[PDB]
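The block underneath contains the structure these notes are about, expressed in C-alpha cells.
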Amino acid sequence: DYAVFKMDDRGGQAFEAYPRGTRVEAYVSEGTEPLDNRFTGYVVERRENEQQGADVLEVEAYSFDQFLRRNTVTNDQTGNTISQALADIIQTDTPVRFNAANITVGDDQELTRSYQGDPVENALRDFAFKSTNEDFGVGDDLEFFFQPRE
Amino acid sequence: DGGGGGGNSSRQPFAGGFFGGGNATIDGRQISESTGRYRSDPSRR
Amino acid sequence: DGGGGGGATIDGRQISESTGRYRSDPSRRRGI
Amino acid sequence: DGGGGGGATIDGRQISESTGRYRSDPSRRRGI
Amino acid sequence: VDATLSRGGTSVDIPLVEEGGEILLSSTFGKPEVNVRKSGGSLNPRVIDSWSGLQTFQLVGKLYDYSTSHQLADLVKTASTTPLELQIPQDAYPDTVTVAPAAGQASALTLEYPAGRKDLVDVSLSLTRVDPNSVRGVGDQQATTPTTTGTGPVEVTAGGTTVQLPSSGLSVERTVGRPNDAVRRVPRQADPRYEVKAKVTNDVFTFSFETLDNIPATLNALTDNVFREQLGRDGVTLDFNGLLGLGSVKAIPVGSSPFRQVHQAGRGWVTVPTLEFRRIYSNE
Amino acid sequence: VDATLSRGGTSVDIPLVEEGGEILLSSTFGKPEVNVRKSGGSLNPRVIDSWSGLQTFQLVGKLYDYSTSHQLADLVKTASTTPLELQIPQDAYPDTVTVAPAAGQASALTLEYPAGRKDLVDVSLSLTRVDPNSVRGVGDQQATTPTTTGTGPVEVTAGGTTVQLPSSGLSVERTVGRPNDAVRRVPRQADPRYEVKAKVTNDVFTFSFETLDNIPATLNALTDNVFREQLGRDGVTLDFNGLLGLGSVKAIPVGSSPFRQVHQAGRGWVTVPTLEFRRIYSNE
Amino acid sequence: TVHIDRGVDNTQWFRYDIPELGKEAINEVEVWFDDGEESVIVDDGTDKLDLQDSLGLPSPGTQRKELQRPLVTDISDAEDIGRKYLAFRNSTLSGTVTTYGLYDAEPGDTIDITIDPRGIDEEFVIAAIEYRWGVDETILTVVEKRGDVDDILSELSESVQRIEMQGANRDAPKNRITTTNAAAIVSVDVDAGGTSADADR
Amino acid sequence: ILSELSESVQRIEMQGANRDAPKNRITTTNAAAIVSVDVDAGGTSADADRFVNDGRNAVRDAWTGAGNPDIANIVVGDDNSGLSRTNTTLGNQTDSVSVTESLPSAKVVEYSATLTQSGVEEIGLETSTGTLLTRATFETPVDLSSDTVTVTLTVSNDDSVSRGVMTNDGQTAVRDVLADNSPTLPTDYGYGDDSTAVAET
Ligand SMILES: [Mg+2]
Ligand SMILES: [Mg+2]
C-alpha cells in the first residue's frame, strides 16, 4: 500500500514538515458526507522539483503492511496448529497489535515445516495456501486479522 | 490591397502557428532530443 | 491609409506503469 | 478579377533516466 | 537584374521579377542554437550563444520557358557534394553564397504552371545558407525530369485503364525538396555544415481542373481504378504526353485528402480543387 | 473611463479607450478542471466539477505618456506577494479583483509605440483572476525599466561595434510576462491560488523599420556583429538613447526568425518587418 | 580537501531536483558468521522508536535484513558488515542542481550552493558531475548519488556472486589456457578469355 | 521477476545458518555538538564564518584522547575569497597576535587580542602547531588600529538528532577541549532501563 501527495512549496518550507518516518493521513469526502480516513502511513521519500517555474513537493508514503514484509519468523512452529502459529508469529516477530477475535482459520491444520527464518508475509501466505485461501493483513486501528475470503 | 491587408497579416501568423516545435518534459526535465539539425521556412506556393 | 491600417508535460509514473506489461516480456519469452 | 485574385524527436537516455525513480518503485514497495 | 543558381557546369538564371510590390527576396537570420534558460533566480535569463547561426533565403520569381523549369527542378533535387552556389543581385549580400535546399522541408522548390498563361512559370525557392568548405557526403545521384515533344492530354493510368484529365481550368503545381539531407550546427563557423545524402527526396505533382463533360464516366474511371483498388507496390503511371514538355512518371496519391470532388450551388459541373500525386520509385 | 491596476503604493490608470467599435474588455470564464469522461456506456458522459474555475480579463486601452507605460511594464513584471489589484470601471464586475499576469504566457502585457503616433501607446493586458487570500511566495523582486533624457537614435552594440537603427518607419513593440509563476487549482472556492516566484520573466523588444540609405553598410554591420559572430554569455547592448525616455539594456536575438530583410518588387530599399531581442541577465 | 570557489549563486542554477531518499532504509540487521554458528544483531533504536511513536505501534517498529557471511570469524567484522549494510541504505539528501560552468570540478569537491526558491544555502560535497554540450548544462549531484533498478540488480548480482564462489579453495592448484587467434585471407580472382569475373565467392 | 529472484537468493544466503546460534547485540546511537562561531573585529561582526575541517578533526582527535589543541594565535589576512570547510589556512596572511583565553560561561570560550592592520578581509584562529580552527570574512575591508579582535566559540546540542543528546556536561567537555582546560573526555559507557525522554539537563 502507498500514497503520493503533490503540493506547491515556497522557500522549501513544506519540505521540512516531512522527515522520513513522519505520519501522514489522507482523509476523503464527497459532497456533504463526513471525512473518512482512507490512508494512514509514514513518509519514505520527500522530493522537491523545479517544474517549469513551479516548486513541486512530492511526498511518498508506505503503510503498515511493510511491518509484515520486512520481518522474519524467529521461533519454530513445527507441531503448532495454524491458529497457534498466528498468535506466536504476530505476538513476537512483528510490531502489530494481536487480537484472537480477528483470526478464524477455515481449516486449522498442524504445521510440519519449520517456518523459522521465512519472511512473515511469506509465511502467512503459506498458512493461507494451506487452510482456505484466506485474507490477512493489518486492519482497523492496528490489529492483525486472518479470516475467510469474500 | 483590400484582400492583401487581411492576407499578409494572416500568412504571417500562419507561419507562427505552424512552425512551433515540440518541447516535451518528464518531471521538470526536457525529453526532446537536442539534435543540432536546422529547419527553415517552407516554399511559399 | 485605413487600408494600410487593415494590414507536453508527461507523468513519469504512468509511463513507468503502462510500459510494465512490455518491459517484463523478453524475460517471459525466455522463461525467467 | 482583382477580387478573384484574393481567393517530435525523443531522447531515449533522458526518458530512461527520468523514469528510473518510478520503474524501481514497485520493488521498493515490496522490500527488495 | 537576375539571380543565378548553379552547381559546377550546370546553371539556371531565375529572373526575380514580380507584379507590382510583391516580396521578391526575404532573407531571415536566426540563432536556433542559443540556450536561453527557461528558469533560474534572476529577473531576466542567463544565455549562451556557442554555435553557427541560421540564414535562409526565400526567392520568388518567374521563368520564361518550361525547359529551364525542369533544369531548376533537377538542379534542386539532385544529390551531389559539388556546392550549390547562389548569386544574389543585391549589394547587401556577397557575390556568392553556398546553399542547401531548405534544411528539413518537403517543399524547397515550388513551380506553378497556372491556367491561361503561356511561357510563364511561378517559382518559389527556399534555401538555407551553409559553410562553403563544409559540404560533406559520399553518394552522387543526378535527378532527371522525363521529357517528350507531344501535346496529348495529361493521362493517369492504373489497372490497365487510362483517364484523360480535362484541359478545362487545368493548372499544375510541382513541389521538390530534399528533407533527408542534414544541415548541422558547428561550434564556431558562422554558417552550418551540410550533409548531402543519396536518399529519398520529395517530388509531388498537384493538378486542379473542372470536369465539364462525360462527368460520371471521367470521375468514376479515376476513383475506381486509382482510389478504390489497392495499388500494391506499383502505382499510377502519370503521363503528361508532352504538355509543359513533360514525359511519363510513376506516382501514387498519399494521405487523407489527395483528391476532392466539389459541387457548388447553381453549377451544372464538378470542380477538382486538388488531385495530388507523389512520385514513387522507378529510377531503376 | 480608466481601469486602475495597483500593488500597494504603486498605481497605474489605463484609459479603456479605443477607436470606433473595437473590443476594450473581454472577460472569459471557464472550468479547466471539470472531468468529462471520454467513454462509458451512457449516450451522454458523466462529469465531475470539483475545483476552482478560471476567470480571465483582456484589457485593451491607450496611455498618453511613455513614463506611465514604463511604470505599467515594471508593475506587471515585478515579483511580490503584495496583491496586484485590478479595478474595472463597469458594473458587471466587483470594485476590485485580485489578479496575476496571464497564467502561463510570455506576453501578458504588450506595449506598442507605432510610427507617427506621438504621445500614444497601445496597451494590451491579459490578467488571470486569483483568490485574494491565496497570493503566496517568499521572494520580492522589483523590476526596473532603465530611463534617460536623451534624443539619440536606437543603438545596437556588439563586438565593440555600434549600429544605429533607421528612424524611417521605426516602430517598437515591447512585451512582458511572468510564465514561471504558478496559478493552481484549489478544491473549495471559485478562484485559484497564486504562487509568486522570484524567477526568470519574459521581456522582449521588437523593432520594425525601413532601411533607406547606406543600406549594405547598415545591414551588414548588424548581421555580421550580431548574427554571424558567437556572442558567448554576453549579448547585444540595446540602447534607446532616451527615445521613449528609455535607457540601455543587455539583450539577445532568439530562435529561428528574430530578424528578416525583405525586398519588394520595384522598391530601391530594404524593409525590416521585425528585429526581436529578449532582455538577458543584467541586475545586481 | 578541495573547494571549487566559483559556487552556484541564486542567479546560476536553472533547474533542481532535491529529494531525501528513504525507501530502502531499514533499522535492524542480523548477521550470521563463523560457518553460520554465531550471530550478531545491529540495532538502530532511533528509527525503531520514531516509527513506533509516529504510527502508534504497540512496540518498536522493527524492519530487518538477515545476512550470512560464513567465512567471517571475528564478531567485530560481522558487526562492521551489519553497520555498513545499514549505513549505505540509510536516509540521506541527494539529487541534482543544474548550472553551466565548473570544468575544474570533480566528485569529492566542495561547493557553495544557494537556491532561494528552495531554501538551500549550504556547502555540499559534489557526488557526481554530468557535462552536456548542446544544451550547455553542468548537472551536479550533491551529498550522495544513489541508483534505481541498477542498485537492485547490483545488490542481487553481488549477493549471487558471493554465494557462487562460497566453497572455492583460494589456494587451489591453478592452470592457464591462452586464447589466441589468426586468419588466412584467400583471395579468389577468375579470368575467362581476358574478362575478369564481376563477383566471386 | 525481481522479487522471485530476491526471495530465491535470500533463501540460499541463509542456507545452513544455525537459527539457535548464540545471538549478540550492537546498539547504534548518535549525538552531535554544534560549535557555533561568532567573530567581532573593532565592533564589526564577520559577514561569514566556518569551523573548518581541521578544527573538526582537532576536536574529534582530542575526544579520542589524542591531546587537545592549544589555541595560540588570532591571524588576519587580505583575502575574502574561497571561504569553505576545507580551508587549512587564510587566503593571504598579513599579521598574527597571541590570544588571551576567557571562559565567560559553562559552554563558551572567547579568544581576544589587540591588533593593528589596514584592509583586513579575513580573520582566523590558529593552534600553536599551525592548525587553523576558524576562518571568518567581511564583505568590505576593515581597518584595525589598537582594536580588539574577539573570536567566540559556543557549544550546543544538535537538536536535529532524535532520542539522543549531548548533556550539559558533554557540551562543557567539548568547551574544555577547545580551551585545553582539562576536559572530562569519554572513559566509560553506561546502560540503563529508564525510558524517560532525553534532555540536556
Ligand atoms: Mg576476388
Ligand atoms: Mg556565527
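The chains referred to below are lettered A, B, ... by the order of the sequence lines, with proteins before strands, and numbering in each begins at 1. We count ligands from 1, going down the list as the structure has it; atoms in each ligand are counted the same way. Only heavy atoms go into these numbers, but all of them, side chains included; no hydrogens, no water, no symmetry mates.
Closest approach between the Mg ion (ligand 2) and any N/O/S atom of H/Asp49 involves OD2. Counting just the N/O/S atoms of G/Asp200, the one with the shortest distance to the Mg ion (ligand 1) is named OD2. In terms of distance to the Mg ion (ligand 1), the nearest N, O or S atom of G/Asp189 is named OD1.
A cation-pi geometry, defined here as NZ or CZ lying under 6.0 Å from the six-membered ring centre and within 45° of its normal, does not hold between A/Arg46 and A/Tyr18. Geometric assessment of A/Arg23 against the ring of A/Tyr42 yields a negative cation-pi assignment under the 6.0 Å and 45° thresholds.
Taking 2.8 Å as the criterion, G/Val188 counts as a coordinating residue of the Mg ion (ligand 1), since one of its N, O or S atoms falls below it.
Here the side chain of H/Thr114 pairs no donor or acceptor atom with the backbone of H/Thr148 at under 3.5 angstrom.
For the side-chain contact (heavy atoms from CB on, under 4.5 Å) with G/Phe124, the qualifying choice from G/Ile113, G/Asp112, G/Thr110 is G/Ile113, the only one to do so.
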